[PDB]
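J.: my sequence and its experimental structure, below.
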Amino acid sequence: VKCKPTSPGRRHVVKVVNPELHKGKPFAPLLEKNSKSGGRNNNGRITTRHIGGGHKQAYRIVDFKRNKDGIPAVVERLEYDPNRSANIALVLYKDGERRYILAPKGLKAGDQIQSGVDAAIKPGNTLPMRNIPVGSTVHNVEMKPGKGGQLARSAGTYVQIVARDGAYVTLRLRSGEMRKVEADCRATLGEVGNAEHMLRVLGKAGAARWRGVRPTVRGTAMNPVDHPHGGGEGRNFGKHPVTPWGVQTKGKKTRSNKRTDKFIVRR
RNA sequence: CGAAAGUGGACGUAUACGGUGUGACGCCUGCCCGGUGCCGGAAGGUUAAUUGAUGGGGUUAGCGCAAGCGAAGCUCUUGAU
């Protein structure tokens, strides 16, 4: 580690390792804006993209974009949302409203928080890229002006602009190299989500893995049929790609709309 | 997955999702890119459909006791580029 607060580390008692818990978000039990959630990985018939199972779920939760504007929010409390490790905060506006948001770093205890063109440049709320300096640290932008997609994976996930780019397009995703995006779009400007939140190890399958997805491991396993490689006395020799996918890099995504992003190296 | 619509991936979005191999942990993981595969380049050589230059043949108004020559059109071929 290197920050506050460090992450507990279970001690050797019954094959135990790193866990995950916060400083606190005082309460253990949510609000109400949520759905029911689907269930499995299967596609109206066949499995599709194997792997996917295990119980424990529910809890949908929401909010993105942030259509609402210049109306002062107040962070009600940080909160833990399933599947996605990016916390969530709560927030109440000065008119009893209550969206959710992706809990930035410095947040908790109330705080400023304002959206709309021309708003405090801290980590409050979304803001049209235009009305933003260099944004060495913006947030979950949107490929389009209205949406809120992009990097909702907040957890340590950032994005760097380029001070003042014209033509109305910029941004620099993580490994996404360079890529221009409509400047009439807005970014939370905060850009955080706590990294250590993703700095512990599940532990030992079962009570750490199974509680999410099935054995995502098949390896050769042999049996020249179940996979494009098998049999043999006890070893591999040859190619090992499933459905001649060709795991030798290859790359994909060709022609069509988009593909008008830039730079992108190859190491 | 599906002729498609659509659906899963995910109401997730690179600290995410997939595929491959190894299989806690400890100390480590050396030399070879010739072969095959993959990744980048793509200047030059070779090269598909496509357009179809140019020539060659058929037929025949006409020129002719005969020998043959044959335009224009239509055709069969040829294939530059």
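T.: Received it, and whenever you're ready, just let me know what you need. Numbers count the residues shown, from 1 in each chain, chains lettered A, B, ... in the order given.
J.: who touches stretch A:155-163?
T.: Defining contact as Cβ atoms under 8 Å, 6 or more residues apart in numbering, one finds that stretch A:155-163 is touched by A:84-86, A:129, A:132-141, A:150-151, A:170-174, A:187, A:191-195, A:197-198. From N, CA and C alone the C-beta is placed, and that goes for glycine too.
J.: tell me which parts of the stretch 51-200 of chain A are close to RNA strand B?
T.: Counting by Cβ under 7 Å from any atom of the strand, the residues of the stretch 51-200 of chain A close to RNA strand B are A:51-52, A:60, A:62, A:83-86, A:149-157, A:173-176, A:193, A:195, A:197-199.
J.: geometric centre of chain A: which residue is closest?
T.: Within chain A, one residue has its C-alpha closest to the average C-alpha position: by Cα atoms, centre = their mean, that is residue A:153, at 1.6 Å.
J.: secondary structure element for that one?
T.: Using DSSP states H and E, residue A:153 sits in no helix or strand.
J.: show me where chain A has strands.
T.: Ranges of strands in chain A, per DSSP state E, are A:73-74, A:92-93.
J.: would you list those in TSV and tack on distance to residue A:257 and mean neighbour count?
T.: Converted to TSV, these look like this (distance: least, Cβ to Cβ, whole Å; neighbours: other Cβ atoms under 10 Å):
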stretch	distance to residue A:257	mean neighbour count
strand A:73-74	35	20
strand A:92-93	37	16
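J.: for those strands, which one sits closest to residue A:103?
T.: Shortest distance between residue A:103 and the strands of chain A, using Cβ to Cβ, is found for strand A:73-74: 12.6 Å.
J.: and for residue A:56, the neighbour number?
T.: 8 (other Cβ atoms under 10 Å).
J.: what's near enough to touch the residue nearest to it when sequence neighbours are not counted?
T.: What sits nearest to residue A:56 in space, not counting adjacent residues and going by Cβ to Cβ, 6 or more residues apart in numbering, is residue A:211, at 5.6 Å. Residues counted as contacts of residue A:211 (Cβ under 8 Å, 6+ apart) are A:54, A:55, A:56.
J.: pick out whichever of those sits closest to residue A:245.
T.: The nearest member of those to residue A:245, counting by Cβ to Cβ, is residue A:54 at 25.4 Å.
J.: correct me, but that closest one touches residue A:216?
T.: No: with contact taken as Cβ atoms under 8 Å, residue A:54 and residue A:216 are classed as non-touching, separated by 11.2 Å.
J.: ranges for the helices of the stretch 151-267 of chain A?
T.: In the stretch 151-267 of chain A, no helices are found when defined by DSSP state H, counting those that start in this stretch.
J.: so which residue of chain A comes closest to RNA strand B?
T.: Relative to RNA strand B, the nearest point of chain A is residue A:156 (2.1 Å; Cβ to the nearest atom of the strand).
J.: burial check on the closest residue to residue A:238 other than its chain neighbours, number of neighbours?
T.: In this structure, residue A:238 finds its nearest non-sequential neighbour in residue A:229, 6.3 Å apart by Cβ to Cβ, 6+ apart. Using other Cβ under 10 Å, residue A:229 has 19 neighbouring residues.
J.: need the contact list for residue A:229.
T.: Taking Cβ under 8 Å, 6+ apart, one finds A:220, A:222, A:236, A:238, A:239, A:240 in contact with residue A:229.
J.: quick check, the second one in contact with residue A:233.
T.: It stands for residue A:222. No: using Cβ under 8 Å, residue A:222 is not in contact with residue A:233, being 9.9 Å away.
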